[PDB]
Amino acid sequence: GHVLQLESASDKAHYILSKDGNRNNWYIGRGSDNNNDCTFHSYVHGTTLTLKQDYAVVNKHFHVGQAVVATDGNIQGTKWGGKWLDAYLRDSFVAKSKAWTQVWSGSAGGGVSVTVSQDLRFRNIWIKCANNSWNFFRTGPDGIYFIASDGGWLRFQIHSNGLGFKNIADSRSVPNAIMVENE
């Protein structure tokens, strides 16, 4: 069992420094006087690990195998399908946007199909028909849906990959506007 002992005066720096040619290249240890931070530092790369009082720190992005923890707190890895976490989250989970957007307004009587400005499949929508009220519906895929909307009822179709909205038939309940919840 062996120890290579480095000794300095109280509170004075002590580190191991490597120089290649004329160039300071890396060092490890206690780089400054009156300071107990211990550092492993590449002078050439300017890349550094420091052991500090209440935490350890690297001054650049940090990889774990090929995974990346970025200096902005983002994470990239195969678990996130190779995406950055922020994009994986956006794509995987329903946004708590608490906001809505009009995708069409006008008038769509029985048999009338209209174009809407977003893919309305698996969306929260509200359809205004009679009496200036909003009728909630959540759609699935392209298909035929029914709502007992203000005025009577509306049987409607989502088609064209969510970009078509058609009034199949209604009773006294003609759609004149559609909101969708923001994603």
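One-based numbering along the sequence shown.
Of the two stretches examined, 111-119 and 137-145, the record assigns the greater average C-alpha temperature factor to 111-119.
Annotation for 164-172 versus 14-22: the higher mean temperature factor (C-alpha) is found in 164-172.
Sorting the modelled residues of the chain by their CA temperature factor places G46 in the lowest third. The entry lists a Cα temperature factor for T78 that places it in the highest third of the chain's modelled residues.
In the PDB entry, a CA B factor belonging to the middle third of its chain's modelled residues is recorded for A177. In this PDB entry, the Cα temperature factor of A130 sits in the top third of its chain's modelled residues, the highest group.
Ranked within its chain, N124 lands in the lowest third, by CA B factor from the PDB record.
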